[PDB]
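Participant:
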Ligand SMILES: Oc1ccc(Nc2nc(OCC3CCCCC3)c3nc[nH]c3n2)cc1
Ligand SMILES: [Mg+2]
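Chains as they are written, first to last, in our numbering: chain A, 304 to 599; chain B, 183 to 440.
(1) Quick one, which residues of the region 394-426 of chain A are near chain B if we go by CB-CB under 7 Å, in chain order?
(2) Would a check of beta-carbon distances place residue 357 of chain A closer than 9 Å to chain B?
(3) Residues of chain A with a CB under 7 Å from the CB of residue 209 of chain B: which are they?
(4) Using 9 Å as the limit for Cβ to Cβ distance, is residue 299 of chain B near chain A?
(5) Just to check, is the beta-carbon of residue 353 of chain B closer than 8 Å to a non-hydrogen atom of ligand 2?
(6) Which of the three DSSP states, helix, strand or coil, is assigned to residue 373 of chain A?
(7) Which residue or residues does DSSP assign as beta-bridge partners of residue 381 of chain A?
(8) Quick check on residue 568 of chain A: does DSSP put it in helix, strand or coil?
(9) Would you say the beta carbon of residue 212 of chain B comes nearer than 8 Å to a heavy atom of ligand 2?
(10) From the DSSP output, in three-state form, read off residue 219 of chain B for me.
(11) By the three-class DSSP mapping on this structure, what secondary structure does residue 327 of chain A have?
(12) List, from N- to C-terminal side, the alpha helix (DSSP H) runs of 4 residues or more that fit wholly inside the region 369-429 of chain B.
(13) By the 8 Å beta-carbon criterion, what residues does the region 319-337 of chain A contribute toward chain B?
(14) Going by DSSP, which residues form a beta bridge with residue 363 of chain B?
(15) Any heavy atom of ligand 2 closer than 8 Å to the Cβ of residue 208 of chain B?
(16) To which residues does DSSP link residue 321 of chain A through a beta bridge?
(17) Assess, as a yes-or-no matter, whether the region 556-574 of chain A is touched by the region 484-498 of chain A under the definition of 3 or more beta carbon pairs within less than 8 Å.
(18) How long is the line joining the alpha carbons of residue 452 of chain A and residue 220 of chain B, rounded to whole angstroms?
(19) At the level of alpha carbons, what is the spacing between residue 183 of chain B and residue 313 of chain A?
(20) Please classify residue 288 of chain B as buried or exposed, where buried requires at least 16 other C-beta atoms within 10 Å of its C-beta.
(21) Could you give the first and the last residue of the continuous beta strand (DSSP E) run that contains residue 315 of chain A?
(22) First and last residue of the beta strand (DSSP E) that includes residue 366 of chain A?
(23) When you compare the region 341-350 of chain A with the region 299-310 of chain B, are there three or more beta-carbon pairs, one atom per stretch, that lie closer than 8 Å?
(24) Assign residue 321 of chain B to one of three DSSP states: helix, strand, or coil.
(25) Within 9 Å of any Cβ in chain A, is that where the Cβ of residue 236 of chain B sits?
(26) Which residues, in order along the region 453-466 of chain A, keep a beta-carbon less than 9 Å from a beta-carbon of chain B?
(27) Rounding to the nearest angstrom, what Cα-Cα distance links residue 541 of chain A and residue 534 of chain A in this structure?
(28) In this structure, does DSSP put residue 389 of chain A in helix, strand or coil?
(29) Please state whether DSSP places residue 454 of chain A in a helix, a strand or coil.
(30) Measuring only the C-alpha atoms, how far is residue 367 of chain A from residue 383 of chain A?
(31) Between residue 426 of chain A and residue 325 of chain B, is the Cβ-Cβ spacing less than 9 Å?
(32) Which residue wins for smallest C-alpha separation from residue 378 of chain A, given the options A/340, A/397, A/412, A/392?
(33) Based on Cα-Cα distance, which residue from B/204, B/344, B/356, B/400 lies nearest to residue 426 of chain B?
(34) Of all the options B/430, B/277, B/429, B/365, which has the alpha carbon lying nearest to the alpha carbon of residue 329 of chain B?
(35) Does residue 374 of chain A come within less than 9 Å of chain B when only Cβ atoms are used?
(36) Could you give the first and the last residue of the continuous beta strand (DSSP E) run that contains residue 437 of chain A?
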């Protein structure tokens, strides 16, 4: 079953299972193998059932391609196109150069295409972070690890609360809203945009309240004017400190006017007013977008 | 979030064709019949109630069963095994907290083992090639509900009740697509409660008219009239609950006047 694959090295561990780099001995294709150890447990995990059914539907240049599923009685193996590294490792490596604006713009543009495609196919990713965004030598970036993803309905009902890595987590989740939607993935992407610019996390909280206060000190503590309904949210407290909103030219100083304008629409408090991936693709920030190869 | 409402509906319209079970499969099953399938679906309704599962989970499970049986011959003593594994799959896909495999073993009243349920899960996945994200009557209704002026909780619950009844009876409902059953159920609900009709805004959205819905509507009207006398009664009892506004106690209209 796995006879044509030659393991090369372990890549790492994501939401679930283990991922290896392997090569197909017959075609020469280099692949990423996601191994899932399986009876007497709870059978095939929900994360795997979701990742597979949903990735089979989502064929897009900016979404990691699932090639095959290999399914014995003991092990399940997902065969994915191989990507060369993650954004996080790339940003670490750009320590001294910084990331050229054209590459930031290209990556953001590509990530928004990937995400617009998910959302138009009723899929929420729910774990966007630099570690799950994978790059190749040809300048592509692709959404990966759909282990936390799910299919949603129109309009949404209540889904799992414990979602999105804390630094990338939207305020509506932090505040306990019973409905969250596609706008949570845009929040994450906005944090990532800021991070590609500064090369550090925009909101590195170490607990949920820390995370909220960091967001509040940057964008202002939300009230009923900025975000109708906030004060009625389950985990809103009238005791919250009331910080003034920072001017964005100070949030991400290297960013020019179109950049700051886009970021601010991606980090809007009110999910309803937060920009969609689809609408963001036409933002003026992208007027001169190209596709630079990175500097590996 | 109406930025993608249209993209999503269009895509669900594409996928429901691809996810459709084979209309005449029961005819080709040596050991099982329509009435045996009705018994199973009615039991899954009960399971869904007992464990407080989403209605969407129930609809997905039926889709998985009908698709599985579209190509796989099954003996009557194994139909409940098929159904149990489908419910377990549907729960894993759709629920925040699915029941554990032990709970699924327990509600078959130890008819089957844990090993059998897990092996059947694996078989269902193989046969469906892991393609579990199927459109349902529920997913369409929930979109159609946005077109009410204004929203009516009884319209909603009654439309759900009617869509659910369609699950029980493969003849005739296997011949209708989820979007069509939902349109018929929504119009039927709306007409029953408020006297109003399939809105013009949903003609623009779906392209369906009362004319194109008529075949399904007439079947669903009859199902609705004969519901108190159907051998399977679990959906009617479920829809007596206050959670669904007791809509199953509403009187069906005598005529549709179409
Ligand atoms: O540094 C590198 C070098 C290489 C890779 N390559 C790669 N990795 C994957 O997942 C690996 C996991 C690792 C833990 C977080 C989630 C992703 C893939 N899934 C489909 N294609 C993949 N390609 C990635 C990073
Ligand atoms: Mg038969």
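By construction, the Cβ of each residue, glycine as well, lies at the ideal position given by its N, Cα and C atoms.
Facilitator: Judging by the given coordinates:
(1) Against chain B - using a Cβ distance shorter than 7 Å - the residues of the region 394-426 of chain A are 422, 423, 424, 425.
(2) As a first step, residue 357 of chain A must be located in the first chain, where it is residue number 54. Residue-level contact by beta carbon holds for residue 357 of chain A and chain B, with a gap shorter than 9 Å.
(3) As a first step, residue 209 of chain B must be located in the second chain, where it is residue number 27. Those within 7 Å of residue 209 of chain B in chain A number zero; the least Cβ separation is about 29 Å.
(4) Here residue 299 of chain B corresponds to residue number 117 of the second chain, with the count starting at 1. Answer yes: the Cβ-Cβ gap between residue 299 of chain B and chain A drops below 9 Å somewhere.
(5) As a working note, residue 353 of chain B is residue 171 in the second chain. No - ligand 2 has no heavy atom lying nearer than 8 Å to the Cβ of residue 353 of chain B.
(6) Here residue 373 of chain A is taken as the residue at index 70 of the first chain, counted from 1. Strand, per DSSP.
(7) One-based indexing of the first chain puts residue 381 of chain A at position 78. Residue pairing by DSSP places residue 381 of chain A opposite A/337, A/372 in a beta bridge.
(8) Taking the first residue of the first chain as position 1, residue 568 of chain A is located at position 265. Reduced to three states, the DSSP call for residue 568 of chain A is helix.
(9) Translated into positions along the second chain, residue 212 of chain B becomes position 30. Under cutoff, so the answer is yes.
(10) Here residue 219 of chain B refers to the residue found at position 37 when the second chain is read from its first residue. Of the three classes helix, strand and coil, the one that applies to residue 219 of chain B here is helix, per DSSP.
(11) To locate residue 327 of chain A, count along the first chain from 1; it is residue 24. If DSSP states are grouped into helix, strand and coil, residue 327 of chain A belongs with the strands.
(12) Inside the region 369-429 of chain B, DSSP marks whole alpha helix (DSSP H) runs of 4 or more residues at positions 382-388, 392-408, 416-420, from first to last along the chain.
(13) Under the 8 Å Cβ criterion, the region 319-337 of chain A contributes no residue.
(14) Within the second chain, residue 363 of chain B is the residue found at index 181, counting from 1. Bridge pairing for residue 363 of chain B: absent [DSSP].
(15) On the second chain, residue 208 of chain B is found 26 positions in, with the first residue counted as 1. Yes - ligand 2 has a heavy atom lying nearer than 8 Å to the Cβ of residue 208 of chain B.
(16) As a working note, residue 321 of chain A is residue 18 in the first chain. Answer by DSSP bridge pairing, in chain order: A/338.
(17) Result yes; three or more Cβ-Cβ pairs closer than 8 Å.
(18) Taking the first chain and counting its residues from 1, the one referred to as residue 452 of chain A is at position 149. Taking the second chain and counting its residues from 1, the one referred to as residue 220 of chain B is at position 38. Cα to Cα, residue 452 of chain A sits roughly 33 Å from residue 220 of chain B.
(19) The residue you call residue 183 of chain B lines up with position 1 of the second chain. The residue you call residue 313 of chain A lines up with position 10 of the first chain. Taking the straight line from one Cα to the other gives about 40 Å.
(20) Within the second chain, residue 288 of chain B is the residue found at index 106, counting from 1. It counts as exposed.
(21) By 1-based counting over the first chain, the position of residue 315 of chain A is 12. Per DSSP, residue 315 of chain A belongs to the beta strand (DSSP E) from 308-315.
(22) If you number the first chain from 1, residue 366 of chain A lands on position 63. In the DSSP assignment, residue 366 of chain A falls outside any beta strand (DSSP E), carrying neither H nor E.
(23) Using a Cβ-Cβ distance cut-off of 8 Å, the region 341-350 of chain A and the region 299-310 of chain B are in contact, since at least three pairs of beta carbons, one from each stretch, lie closer than that value.
(24) Translated into the one-based positions of the second chain, residue 321 of chain B becomes position 139. If DSSP states are grouped into helix, strand and coil, residue 321 of chain B belongs with the helices.
(25) Residue numbering aside, residue 236 of chain B sits at position 54 when the second chain is read from its first letter. Yes, contact with chain A.
(26) So the list reads 453, 454, 455, 456, 457, 458, 459, 460, 461, 462, 463, 464, given in the order they occur along the chain.
(27) Taking the first residue of the first chain as position 1, residue 541 of chain A is located at position 238. Taking the first residue of the first chain as position 1, residue 534 of chain A is located at position 231. Our two residues, residue 541 of chain A and residue 534 of chain A, have alpha carbons roughly 7 Å apart in a direct line.
(28) As a working note, residue 389 of chain A is residue 86 in the first chain. Strand, per DSSP.
(29) The count along the first chain starts at 1 and reaches residue 454 of chain A at position 151. Per DSSP, reduced to three states, the secondary structure at residue 454 of chain A is strand.
(30) Stepping through the first chain from its first residue, residue 367 of chain A is reached at position 64. Stepping through the first chain from its first residue, residue 383 of chain A is reached at position 80. Cα-Cα distance, rounded: 7 Å.
(31) By one-based count along the first chain, residue 426 of chain A stands at place 123. By one-based count along the second chain, residue 325 of chain B stands at place 143. No, they are not a contact pair.
(32) Here residue 378 of chain A refers to the residue found at position 75 of the first chain. Closest by alpha carbon: A/340.
(33) On the second chain, position 244 is the one that residue 426 of chain B refers to. Looking at the Cα atoms, B/344 is the closest of the given residues.
(34) Here residue 329 of chain B refers to the residue found at position 147 of the second chain. Ranking B/430, B/277, B/429, B/365 by Cα distance to residue 329 of chain B puts B/365 first.
(35) In the first chain, the residue the question calls residue 374 of chain A occupies position 71. Under the Cβ distance rule, residue 374 of chain A counts among the residues neighbouring chain B, one pair being separated by less than 9 Å.
(36) By one-based count along the first chain, residue 437 of chain A stands at place 134. Here the beta strand (DSSP E) through residue 437 of chain A covers 436-438.
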